[PDB]
Each structure stands twice: as C-alpha cells, then as structure tokens.
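1. need coordinates for the following:
(chains A, B, C, D, E, F and G, ligands or ions: 1)
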Amino acid sequence: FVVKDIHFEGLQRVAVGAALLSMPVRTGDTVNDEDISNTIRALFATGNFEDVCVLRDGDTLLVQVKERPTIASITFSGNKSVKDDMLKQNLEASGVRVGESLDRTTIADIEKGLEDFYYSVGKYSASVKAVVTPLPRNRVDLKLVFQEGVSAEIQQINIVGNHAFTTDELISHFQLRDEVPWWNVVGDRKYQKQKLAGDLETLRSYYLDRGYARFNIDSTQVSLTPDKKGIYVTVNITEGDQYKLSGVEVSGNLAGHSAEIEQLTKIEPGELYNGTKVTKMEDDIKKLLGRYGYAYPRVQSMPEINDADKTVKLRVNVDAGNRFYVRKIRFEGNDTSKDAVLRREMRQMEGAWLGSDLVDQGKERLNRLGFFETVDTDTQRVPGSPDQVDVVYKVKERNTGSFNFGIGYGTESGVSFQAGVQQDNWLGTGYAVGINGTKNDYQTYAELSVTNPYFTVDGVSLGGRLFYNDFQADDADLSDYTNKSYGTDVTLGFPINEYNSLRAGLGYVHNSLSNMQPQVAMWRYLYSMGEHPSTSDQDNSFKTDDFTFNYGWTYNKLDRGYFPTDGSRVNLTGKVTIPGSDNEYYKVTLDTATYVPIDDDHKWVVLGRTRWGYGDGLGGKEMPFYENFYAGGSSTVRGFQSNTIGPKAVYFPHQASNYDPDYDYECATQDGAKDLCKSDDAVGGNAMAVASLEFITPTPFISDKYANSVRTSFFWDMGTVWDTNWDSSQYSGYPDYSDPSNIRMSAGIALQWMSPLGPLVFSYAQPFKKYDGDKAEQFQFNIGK
Amino acid sequence: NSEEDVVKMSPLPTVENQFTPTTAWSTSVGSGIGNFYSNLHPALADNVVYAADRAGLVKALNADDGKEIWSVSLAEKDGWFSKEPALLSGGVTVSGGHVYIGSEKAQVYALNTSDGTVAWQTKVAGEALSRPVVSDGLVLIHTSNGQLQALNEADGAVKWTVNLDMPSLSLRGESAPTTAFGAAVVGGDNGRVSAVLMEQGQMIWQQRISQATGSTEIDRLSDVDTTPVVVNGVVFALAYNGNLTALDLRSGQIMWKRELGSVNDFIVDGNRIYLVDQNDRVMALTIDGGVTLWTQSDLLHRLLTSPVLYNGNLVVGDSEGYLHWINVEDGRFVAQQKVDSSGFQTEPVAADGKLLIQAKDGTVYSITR
Amino acid sequence: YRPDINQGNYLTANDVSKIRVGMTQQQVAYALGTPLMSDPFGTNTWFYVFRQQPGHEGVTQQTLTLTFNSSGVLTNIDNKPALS
Amino acid sequence: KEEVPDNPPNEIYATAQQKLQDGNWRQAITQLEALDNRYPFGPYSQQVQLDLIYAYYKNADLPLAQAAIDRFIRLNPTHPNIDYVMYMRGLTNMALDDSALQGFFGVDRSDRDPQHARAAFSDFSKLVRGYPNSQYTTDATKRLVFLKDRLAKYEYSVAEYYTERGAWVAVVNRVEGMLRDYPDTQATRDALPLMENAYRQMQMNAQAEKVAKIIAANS
Amino acid sequence: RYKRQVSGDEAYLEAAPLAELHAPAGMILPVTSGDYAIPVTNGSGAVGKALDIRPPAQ
Amino acid sequence: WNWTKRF
Amino acid sequence: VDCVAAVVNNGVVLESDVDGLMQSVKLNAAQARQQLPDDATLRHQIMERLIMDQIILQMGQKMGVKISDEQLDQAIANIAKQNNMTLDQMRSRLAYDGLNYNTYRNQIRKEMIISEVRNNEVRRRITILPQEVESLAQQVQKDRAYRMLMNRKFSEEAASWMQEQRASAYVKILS
Ligand SMILES: [Mg+2]
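-> Numbering: from 1, shown residues only, chains lettered A, B, ... in the order given. Please see the structure below:
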C-alpha cells in the first residue's frame, strides 16, 4: 500500500528530518513489507537506534523507535589502583563520554579493553563490568565496576641454553626483575610486555657483544601460576660460538667518502665480534655522512658468518641518501617555555642541511632540560618540495617547580636535613631559581640561586647565589668557633667540551667569627689581620668582608654518574681574594677521581682519587683558619674521624665561657690550665694532600642478579693536612704541624648501594698510620640524600 | 598493600574429625620449592621416598621413619661469585631403580636409587617442568618450551621430540604425559590433548578440549596441565577454563565434556572422577557423563593441591599447611589437619599405604588415616 | 663551546660544477637541490650559501648565486668559493 | 553548590541564568552541566550549550570550552547564532594563547607556542569572512590584528634568536616568511634590520642593499 | 588554577595598526600569500568590554 | 632519603 | 507491523525474517512436514538461527568479502536443478510459493555467504594429523578416509565455532 506520512514516535536525539532522510524512502512511494524491512535495516544501520518498531496504524507507517540512550554519567567503582582520569581517557579512545550515546554493543569491547589494560599492568585477575542504570528521558548511567585483584609479579626469569654466562649474570641487566631485595633498589617485579621485549633485546646485546654472532633467542615463554599471582619468563636461547670479526667490507652509495668510511671500518686483527662496536661504527658512518650533508645516511651491517673458521665478515651496505634542508624548526607545546629556551638546545640549525643525528641530539637535549614530560620529533616534508623539511619538536611541558625535603645521616654530618624549592624554568625563561637549605651537625646553609643557563647563546651560564652559612666548628670535630657567613656569588660557567667546564665568578662573603677558642693558629691568623685580641675571653669576635675571584675547571668524563667504572672527574676550584677585601689569600683545590677499569665487564675498577689543596695569604696576611683544609671521615681518609687529620689546636690558658670541673673545657685556665697545651681536636691546615687507591671489586656474597647494584671496594687512603705557617722555631715542644711528611694512612672496605633510604655508603677502615691526636673512627657510614 | 584479591580465600572449615590424622614422620629437604610454582613432589619406590627441592638437593628417605637413606646435591657450585641452583621442577619419578628429576635448567637427571649418583643427565628442549613419566624404556617430559621429549631410560639420550603449540601466555607447569597401549596422551598449553606414539613420536591425534578461548585477552588460558587419565579406553583430560573432556583413546573424539577446569591432577577411579577446580572446588563426577555426584566449595580459593585417594578418602592440601580429608561418597570433610606453615603446592603422593606430601619449604610429611 | 653552525645548501663542489648557464630551475634544483634562500625582492636569483662555522675553527662560506631569467633559465652564475 | 537539586528544567535554567548574571561561573557551570546531562537534546538545549561555552570560557575551562564549541559546531553547523560560537572558538584559542603558568605579568609571551594564536586567528578569520556583519566581527577583526602582530612577533623572536646564534640563512628565511605572511606588522619592520644584518654577515650585499632600501622606504 | 584568568579582560585593543610596507622603486616586496590577511569588514558590535560575549537569547 | 615533589 | 526481534552487533533480526523461516517454512516451503515440535517450542531455535545467520553475515562483512552475481547465478541454477525444475519455471512457481523473487534472492545470497564464511573460518582451524588418515584407511583409503576425518572434525568444529561466535557477538533480545 502507498505510504504518505512517516511518524517517528520516540525520537529525541536524531532530528525528524535526519531520521526520515536516513531511511532510503521518499513520501509518495509504494511500500510493501520488503520495503518496510529494508527501511528498518538501514535506519538501524545508521547506528543511532536500539529498537525500531514500524507500526501500520491507519495508512501511515508509525515508526516507533527506541533511541540509543545518552551516557548521563560515567562512574567507576573498585578502580583503586588506577585513578578515574586514565579510565576516562581510555573511554574517550572508544568515544564513550558523558553526553554521548551508549550503543550497548561497544561497552563489552570497552570493558574488555579495560581488562586488557589491567592485564598489561599485570592484574591478570582484573574484572570489569559495565552496568547501565536507566534514567528518565532515555538516559543511562554507565558504572564501570572493577575488581582489579592482585597484580602479578615476576617470580622467576629463566634463560635456557645459556652456558657461557650464568642466568643471574644475564638477568642482572634486565629491567624485569624476579628478585627485588628490600635493602637494595633494583626495580619492581611487575611485568610489562614492552619491558620483556626490551630485556630480550638486552640479552641479544649482551651475547652479540661477546662474539656470539650466531646467538638466537629460540623462544620466550611467559607463564602464570594458576592463581595468576606469579609470572615466569623463560627465554630459550641458543648461544652459538664466539665468532671473530675477520674484517669489514663496505659497499653502496658512499658519495665519494669511501676513504673516510674505510678508515672508520678498521678493526684489530681477528678481534672478537661485538655487536656494540658494529653499531658504533655504523653510527660513526652515519655521523660522517651527516657531516657531509646527508640527512638519512642508511647503514645496514649484515654479518656473513663463516662457522668453519668461526669468523664474521661485516658487509656494511651504506646508502648515503639525499640531502634534506630544514626550512624551519618548529616547537609545539612550549606554552610556558619561550621559543629560545627550546631552540638554543637545537644542535640542528634551521636553514641548514638536515642531519638526523643533529635532530636527535636536539631532542635529547630538550629531554635533558627537564622542562618536558615528553619530547617527540616530526621531520615533516615541506609541501611540493623534494629536499626541504620542517623539524617539529612536539614537547609537553612539565611542572618545572619542585620542592625537595631530604634526610640523611652520616658519621660526618650527623643528621643532615636538606630542604629546597626550585623553579628550573622560571617563567619559561630557562632561568633556574631556587632557595635551598642544609642543616648538618655543624653547618646550617641557606642558598638562593638564580642561574641563567644561557647568558651567552653559546651556553655560557651566569648564576647569582645568595648564601648564608652558620658553621659551628666544635660540632665539626674542630676547635670551637662559630663562623656565621653570608654573601653573594655571581659565576660565569663557560662550557668548552661537554666534559670540561670552566667557571669564573666574583663573590662576596662577610664572615663573623664568634666564640673563637683561644688557640695558636687562630690567633696567628688574627695577628696577621691586624687585630690583637687577648688569649682569654673565649667569647671573641671578628668580622671580615672578603671579595673573591673564584675560578674553577671541572673535567668530567665519567661514563656513569652512579658507580662510575671508567673515566675521570677532576675539579680544580680556586679562590683568590681581590684587593679591597679584609682577608688577602688564595686557596686552590683539586679534586680528582680516575676510574680505570681493569677488565671487560667493568666489574673490576681502580679508583685513583686525590684531593689536593693549598692556601696562603698574599703577603703579610694569612689564609683564614675557617677556610682551612681538613682530612678524615668518609670523604678524604676513611677510618679517621671527620677533620681529625692535620694540625691540632694548640690552646692558650683561658677562662671557660662555661665552667664545670671534670670536663677540661678545651684546656681552660679555670679548669686548671696555666701554660700552652696540646689538644686532640683538629684545626685544619692551609695545605692538604689526600689520595686513595680504591680497588672496586664485584660484591662477593650476593646474587649476580643485583651484585652490580652494590659497589664493593677495598681502599687505601693517604692523607696529610699541614699548616705551612706553623711557627716551628717558636713552637719547638709541640709537633711540627708544617710537616707534609705526616702522611696518615688507612686501609679498609667500602660498600655503596642505592638503598630505599638513599645512597648508603658504609666503610670500615683501620688507620694503620695515624699520628698523635688523630682521632680514628673505623666505621664510617653515610645515609645520603 | 592496597592490592586485594578479586575473590576472598575461603575461611578454614570447621570439621568433626572422625579420625585423628597425624604426621607419621617429617623430614626436611633444604628450602623446598619455596614460593616457586613447581611440580616437584616426593616419590616412593619400595620403602624409600625420593624428595627434592628446587635448589638441587635430592634426598632418598626411609618411608617408615623418614630417616635419610642418601642425599645428593645436583647444584654445581661455581667458585665463589656465582651459585647455580639446579632448579629442580620436574616431579621426582622412580621406575627403573632410577630417580628422574626435571630442572628449569632444561636438564633431566636420572640418579641411581641405590646411592644417588647421576646415572645420566640430559639437556632437553626447555624447562622440564612436568613429571618425567616413565614407560616403554622411555622417559617422557613435557618441557616449558613446548616439546614433549622422550629420552632413553638407560642412555638418557632424547629418543624423539614432538613440538606442541605453545601460546604466547600460558600457565606455569606442563602436562605429564600418560601412557596407554604404546601411546602417550599429553596435554598441551594450547588446550589440545595430543596422543603420540611411544617409538616414533608421531601424533595419533590432537583433540582440542578447551573451547573456552575468550580471545582478545591473553587470559583466554586453556592450558591442559593435568596429566590425562586413561581408563577403559577413555582419556579423561582437563583444561584450564576449559572442559573436563572424556575423549576416545583410539580416535581422540570427545565422548563427553563438562564445563569445569583445573591445572591440578584428578583421580579417575572405578566409576568416579574426583577433581579440584581451578577455583579449588572439590568435585566428584560420574565417569560416564561428567554428572556431578557432589561438590565441596568450602575450600574455595584456598589454592588446593591435587587430591589423592588415601584410604578411600580424598586428601587435598592447601597453601596454608592444611590437609583436608574429604569423603568420597558425599563430599563431607571427614578430617582436617595442620601439617606445615609454608603451605602445600605440589601434589600429595598416595602409594604403598603411605600418603606423603612435600611442603613449600621442602618438608616431606608422611600422614596416617 | 658552540655546536657547528651549518647554514644554507650543502655545495659539494662537484654538484656546483654540474650546473652551467642554460639549465632551467628544474635541472638546477635537481642538481644542487632546492635553495634555502631565493631573492624575495627582485628577479629569480637563487642563493646557495654553503656556510659552516665549526667549534671555534672559523667561518667558511661558499656563495653560489644563480641569477635566472623570466623563464627560469640560468643566465648568470656567481661562485664565491670563500668568504671575503 | 555541587549537587544541583532535581528541579524542573525551567528552574534549573533560571538558576543558571541568575548565577551567570551574578558573575559566578563555577555554580553557573554546575547548573548548566546538570541541565545538559539531565535533559540532553531536549527542550532549549542549544541555549544551555551556548551558556556552557560562555561559562567555560569565563571560568577559564578552555579545554571544556573548546570541546563544547567543537561539538556545538559539529552538531549544529547551521545555527542562527553560530557566528557567536565561532567568535567563542577564536576567544578560547586567544585565551589559550595568553595563558600564564603563574603570572601574566608583562612578559608578553610573544615567543611561546603560537599554535593557539594561529587557531584563534583562523577562527576569527572564518568568523569575519563567513559572517562579516556579526556583532563580533569588529572585535574579531581587532583580535585578528592583535594575533597577526603576535605571530609576527613570534617569527621575529625566532629570527632574533638565529641572529644571536649566527644562523644567517635561518634569519633570512624567517624574515622572508615574515615579509610574506606578516608584511604589515611592526614585528616585520623590526625584523627587516635582522634580514639586512643576516645578508651582510653572509656577504650577500646585493641583498643587504635591497633590504636597506626596504627599510629606508618604510622609515 | 588561575592560569587563563586575565583573558577574561585580555587587555588588547592596543595592538599596533597594520601598516603595509612600501616597496621602493626598482624592487617588489615578496607576494603576501594572504594566509594572515585581515579582511576589511565592520560588524554590528563594539570591541573590548563594549561587546557582550553572553550567548544571544534564543 | 630525598624527596622530591614537583609543583 | 514489522518489529525488531533482536539486535546482533550492528545488524538486526527483524520480525519479517524470523516469521519467514516460521510460516513460509516449518510446515511449508519443502517436504511440508519437516519438523513437528511446535512453533512455540522452536521459536528460540529459529531466533538463534537468524541470530547466528546475522553474526556470520557480519563476519563476512568485516573481512570485506563480496560475492559477484555470477556466483549467485550459478547458485540459483544449482537450486533450480536440484528441485528438478528449470530456472525460469522455478521463479514462476516461486511467485505463488510465497517467497517472492526479492525475498528468495536475498535468502540465497545470505545462505551462500554464511556457508562461504563458515567454510573459510572452520577449514583452517581443523588440523588433520597425518596419522589418523592412515588409521582410518586401515580401519576400513588413499585420501578417501581423509574425507571422513574432515566430516567428523567439521561436524564438531562447526558447533564449536558457532558457540564461540555466539559468545563473541553482541546479541540482545528486543522481543
Ligand atoms: Mg602450562
């Protein structure tokens, strides 16, 4: 029968016009049951309806419709592990949001996707139910009720087929852990698939670096306990033999640079095949071709493995592709940071030839800024251009503000409270401002730094620093005196190699020495300063205003910041008071720490450390005793009490500020002193020379899984602090404190590891050469921040 | 911490102990399997119990008073920087005066029962997680890598290998093959029960018994980890999340199936199949149609061990140190005992009138009914 | 210290010998590549400026000006191999 | 408050209007969100969506305002008041442009990510092109002038940075792109000296003289 | 939050008027490519706090 | 121990 | 009048189809008797038949598999010859049989596409080990036992696949 009008009872979201036109029918056409069914099927195929009931009341097709209800609210119950935010984001991934229609067909897929997310997280018992509560006006409240369950953790990572290396040794380098000791910080036993793949590639690297060019990971089984609480990772490998690298033969499109590449692909006579070295020379060929203007110099090293001689011939197919030029480098997401802050980290120049190495260097430099959670790159191709690209750096800004509160404890500083508030990207300008503070047993420090990391485009940083320092010497195991200092330092740090960094600065420091214990060395310095106090009146006072030119040179070629195994860190830091200061003196310091690995795995290292220092007045004056050098404690000479090494305080007879018999009150007259007296308390020296041969060895009685997480070492520390200005002629009864020959020595064991409480550094050192007065504490330790 | 199970562990039931079950003797094997999910359980040959820990220690103990007869460590000490536990996982098996132990080093040790010296040691395809079953001069091991390997009893050389499909994600453990008429019926981690020949290792058949692969989720687990039982020409196999299927031994066609799963062995005695579900629900079913004779959910989610018929009385451990004697006519708890503290994971061994069970801490207990 | 300041087109000195008076802009761009700098003001002049300032090693610049004609035909070539 | 009583739609909308005219955007938003959730696609829901766009913008819920504007445009592409919605889209992008982490101060932020300025410019251009007679077209045009100046200032900041860096080809290209895109901006005039210097440092004096001619003609 | 608040009163209308550069004789400034060309149009409303951005009554 | 919280 | 009995993922099972396999068949269509259980008893069976039909239609749709009308022509030719009545005459009689040409052609198209999809998705997942072929050939040969093996494996795997796809496919009953 003919159809004239189509009613749409039940429509409240799809416009009657839209619903009508979505049906492939126009008014005035002949409709039979076949056409009715076809219209129903198409109208429901529009994906807006959950019930179509076309009625024939009278001569009009009353298209009764049940509409796809709108999601009134998305709620979550039982998702304790995961906050609602990422749940809602993963819902948006499926287009499910408050105000969107609930199709009732994808919710099963959505809860299945949530369960898949949980299974990735490791909660393999996780359950998700999408309950729908009807609400008036055709609405549904979607309650995603979760039963996360226990997160499965790796009970065992097993390698089958490893005979050249123990399973523990191989697994130690995996970011998936089957054992996480409480005392150590090795990681978590949680399992992620991407971590499993990264660990398989770590195993590949481990074996290909030792010459196992035929190494192959036959399979990787991941098993669950029936309770789905434990995960077992079995890596079935077939490590071949150790293959030698006979030679590297290069071919392809070398762009006329075959000579330089050939000099790059030079190997020792039949060395041991090393996948790391092969990739290193591939990257060196990439760098060479990039320095020749090639943006994407592809270099594929295929090893032709001859099992007969067990050798490898590296066919390095090199295709130095086209030259692409960066029309412009864009930054997306630098809403806080100004453009120059991101752009001055670009090693790739805009308006230059593209180098993938340079673009990745810029990306990693942007990551190193710390201003961004993510820094992706996109070398988009300029429209209608064969060789022009835009390098878009899509960053996502972080909260560069950070307040830290650390607590450490050590035999040196006692309880060390550190606090701080830092803005590393002040107003997105790249200025790192921040107020820090420290509180040891003996020194309360409070700093306010403001460093422009790029005072010059070249990277020369300029940093001001307002410091305050209340140093109670007696708490530092020195002779009693309280130096309350404060002042400024404006320092230009000049980078010169990315390993060497100079820094020249001008500083002001006002020092107020109070409660100075009457002693020979302090009063020598004070007499040199034109003040003539009395050896009585322990409550002395002395204020100085010193303008210093500080200089510094930090060479830092340590491959690892934590537990270095190779390289050297030298730090020559000096300080010369400029004319116009109250104190006239220079003070040079030279730290050194050379790690020489004596094996292949870098497990056996020799740390040759040294700590030199020399200070002295510039004529008539004398270096302030409070700038003296100290030795002892678990920083210079272990097994010696902090600062004990060196000249000891020669005290004068005086009345004690506090008098209480049976104390000796630092040898006071009121206690029964009448002449100059020696003492066991150190004053430091204007000269200092400390050294330490520390044989770092693998930690013996500990699983290879995390034996590299603990640094064991056996150290021999030399150290002599001396007062070059000591009046040997005038003080003949007392020990000659101007003697560098008084080389204190200690030998001991040291154990470092990154415990949950912080970097723990214990050491037991016996001082086998200590002079009179040198207080020795054998067990040093530091629970650092 | 904040984690809490989707399912609560059933509280320990209160029972009227008709008999007083007690540990006849208790002998510690160093450190046992520990928290690792192993098949390592004791054995019993004549009057001697061969138990092991995953570390590598293997003890032959007197089955009467539990006193050590011999003790040999399969772990190979390597200087003073690396220690290599043998990682024994394949339940101790004893057929020819030989003690067969699989290890997760992909080794199978055949020790001599006489003194414990290694009769042979064979490197196998993968982790020998399953019981090294013994039949027709062969030692059959289902390695975690997925291969059912048959070694020679005397030589120890791998006679043949059958690659079984290994899912990306499976359940720890492998089916110990059962042998019936020159054929081995093994359960694969992919939910297929495969019957292979015992001389050339060619599959007689490979019948899927899971059919419960939800898909889109790695947790569509279907591991047939229970050793199939061959009774009267019927292959009763049990998959995880899968079906307790009675198959045809000759053809491998599903005679019947029930929608219940487990990865711990089940008894099929006379006319009754006793099993413990993956949820630790002790069921007794008919051998003929899988009709549930009775159920016992009082130990639900207690991580029960495989049951054993000890003196006509199902005995199930749990991960608390508790042995439960369930009646085999109705399912009532005939008795209950606390035997250990580390818990019970590996199957109990009921043989020669002795019911032995090794705790997670390695202690082997003999129990009396 | 500073990184390498590369600027402009990479003039290999063999792809600049490949261009000769008569080439249209298409062949010239195929030979050398698209120029970073054109003459936005006057005629069709392409500036291939191979400029390199390494890490304190000196600024070295080869300028190659290709003055084309209305049709885009290379009419004049001015190659300054070094910066004055 | 935060839990709107289940009043009829008219009472809810009246409360929302009172709280908008009272200037309180949080509670105006909660009332309008209750109205939108409880009666989606019902009676006068377009007005509630526009009020939500307005309150989100005034409450600085710019992600929510962008979402609301985009959905309103997608669902109601032919609305008698879509000129207002395009104006609000330009306004939301402009407000995103002037964002400040902690303080707006006088930093002028002309060299931060200009993508929101570009989006605001596109929205206002679409508004002033499709609907030149809108009451928002004059304000949209003045905001377009500001945004053009701001984008020119971003390109000028980049050209100034590459003048600092010695990237003379980069400077020349940046200032040429300014002379193309932003030829009538103060930033382009300030960057012309940068182009002249970049040409001179490359010893392309035939072009430095051209740029000096430009500067003289415009000084 | 307080991160976009000043955009309620953006403090604009002070943007410098756009003055086209005069090309000197003998040369022509680069073609504009008017991706950022402001149309010349005068709407029926005010600017800068004189324009009510409240949604029009429907 | 050092605890760092980013604001 | 034509209500919607149930929804299947994205498609629907509308009343016209469910009735078409109820009234025009099931005591009609062919060998009228066929089944005599009762319409009420078999209502759930027919509804599940249409539901699984629509699920397999959607399965075919997802693969982007389309059938040319040449195959439809050959299929209708086969259906005409199996009835011992020519093609045009078969249409002429189908006109009064109640299954119009539109309905009949749609029905044959859906039946053939479901058959094709099921054959593809069941044949791959049936593995015939090269032992039971010899076992059957010896039981009663030379690829003739492979046919019986495939028949048994298909009879079983088909039911398994139907259960799997019914579980894995949103089906909701709107009536
Ligand atoms: Mg398994």
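2. make it CA atoms for all contacts and neighbour counts henceforth
-> OK.
3. quick one: residues contacting residue 4.
-> By default, I'm working from chain A. Neighbour list for residue A:4: A:27-29, A:59-60 [criterion: Cα atoms under 8 Å, 6 or more residues apart in numbering or on different chains].
4. switch to chain D, that's the one I care about
-> So residue D:4 contacts D:30-31, D:34 (Cα under 8 Å, 6+ apart).
5. tell me if it really is in a helix.
-> No - Residue D:4 is assigned coil when assessed by DSSP: H, G, I helix; E, B strand; the rest coil, not a helix.
6. sorry, back to before: most surrounded residue in the contacts of residue A:4?
-> residue A:60 (16 neighbours; other Cα atoms under 10 Å in any protein chain shown).
7. what's the distance between that one and residue A:30?
-> 12 Å (Cα to Cα, to the nearest Å).
8. which residues are common contacts for the two?
-> Shared contacts of residue A:60 and residue A:30, defined by Cα under 8 Å, 6+ apart, comprise residue A:3.
9. adding secondary structure, neighbour count and distance to chain A, write the contacts of residue D:4 out as TSV.
-> Below are these laid out as TSV (DSSP: H, G, I helix; E, B strand; the rest coil; neighbours: other Cα atoms under 10 Å in any protein chain shown; distance: Cα to the nearest Cα, whole Å):
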residue	secondary structure	neighbour count	distance to chain A
D:30	helix	20	14
D:31	helix	27	15
D:34	helix	23	10
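10. the residues you listed also near the ion: which ones?
-> Among the contacts of residue D:4, not one lies near the ion by Cα under 5 Å from the ion.
11. from these, pick the one nearest residue A:333.
-> Relative to residue A:333, the closest of those is residue D:30; by Cα to Cα it sits at 30.0 Å.
12. mind checking how far the closest one is from chain G?
-> Distance of residue D:30 to chain G, computed by Cα to the nearest Cα, to the nearest Å: 36 Å.
13. surely residue A:362 is in contact with residue A:341?
-> No - the pair residue A:362 / residue A:341 is not scored as a contact, 11.8 Å apart, by Cα atoms under 8 Å.
14. list the contacts of the residue in chain C that chain G sits nearest to.
-> Proximity of chain C to chain G (Cα to the nearest Cα) peaks at residue C:30, 43.2 Å away. Counting by Cα under 8 Å, 6+ apart, residue C:30 touches no other residue.
15. where do the strands of chain G begin and end?
-> Remark: strands assigned in chain G by DSSP state E are G:4-8, G:11-14, G:171-173.
16. leaving out chain neighbours, which residue sits closest to the closest residue to chain B within chain C?
-> Residue nearest to chain B within chain C: residue C:1 (45.4 Å; Cα to the nearest Cα). Nearest-residue entry for residue C:1: residue A:496, 4.3 Å, with adjacent residues in sequence omitted and distances by Cα to Cα, 6 or more residues apart in numbering or on different chains.
17. and that neighbour, how many neighbours?
-> 16.
18. would you mind measuring from it to residue A:460?
-> Counting by Cα to Cα, the gap from residue A:496 to residue A:460 is 9 Å.
19. check residue A:2 too.
-> In terms of Cα to Cα, residue A:2 sits 87 Å off from residue A:460.
20. these two: who's more crowded?
-> residue A:460 (21 against 12).
21. can you list the strands of chain G in CSV and add distance to residue A:435 and mean neighbour count?
-> Output for those, formatted as CSV (distance: least, Cα to Cα, whole Å; neighbours: other Cα atoms under 10 Å in any protein chain shown):
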stretch, distance to residue A:435, mean neighbour count
strand G:4-8, 65, 23
strand G:11-14, 66, 24
strand G:171-173, 64, 17
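22. tabulate these (TSV), appending distance to chain D.
-> Conversion of those to TSV gives the following (distance: least, Cα to the nearest Cα, whole Å):
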stretch	distance to chain D
strand G:4-8	25
strand G:11-14	25
strand G:171-173	25
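23. among those, which is nearest residue B:335?
-> Proximity to residue B:335 (Cα to Cα) singles out strand G:171-173 among those, at 47.8 Å.
24. now for the strands of chain G, which one comes closest to residue D:159?
-> Nearest to residue D:159, of all these, is strand G:11-14, at 58.8 Å by Cα to Cα.
25. got the CA coordinates for that closest one in CSV?
-> Taking Å, rounded to 0.1, in the frame of the first residue of the first chain, the C-alpha atoms of strand G:11-14 are listed here in CSV:
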residue,chain,number,x,y,z
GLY,G,11,22.7,-5.6,12.3
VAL,G,12,19.3,-6.6,13.4
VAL,G,13,17.0,-9.6,13.2
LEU,G,14,13.6,-8.1,12.3
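26. and it, which strands flank it?
-> Paired neighbours of strand G:11-14 in the sheet (DSSP bridges): strand G:4-8 (antiparallel).
27. for the strand it pairs with, what is the distance to the chain centroid?
-> Averaging C-alpha positions (Cα atoms, centre = their mean, to the nearest Å) puts strand G:4-8 18 Å from its chain's average.
28. contact partners of it?
-> The contact list for strand G:4-8, computed with Cα under 8 Å, 6+ apart, reads A:50-53, G:12-15, G:18, G:51, G:54-55, G:169-175.
29. quick check: closest non-adjacent residue to residue A:550.
-> residue A:575 (4.3 Å).
30. so which strand or helix has the one you found?
-> Mapping residue A:575 onto the secondary structure by DSSP states H and E places it in strand A:567-577.
31. re the thing from before, for the residue of chain C closest to chain G, grab phi and psi.
-> Main-chain torsions, residue C:30, degrees, to the nearest 10: phi -60, psi -40.
32. if I look at it, how far off is the ion?
-> Relative to the ion, residue C:30 is positioned 62 Å away (Cα to the ion, to the nearest Å).
33. sec struct for the closest residue to the ion within chain A, please.
-> Residue nearest to the ion within chain A: residue A:223 (7.1 Å; Cα to the ion). On the three-state scheme (three-state DSSP), residue A:223 is labelled strand.
34. hmm, residue A:233 and it touching each other?
-> Yes - using Cα under 8 Å, residue A:223 is in contact with residue A:233, at 6.6 Å.
35. near chain G, which residues of chain A show up?
-> Those residues of chain A that sit near chain G, judged by Cα under 8 Å from any Cα of the partner chain, are A:33-34, A:36-37, A:40-41, A:44-45, A:47, A:50-56, A:105.
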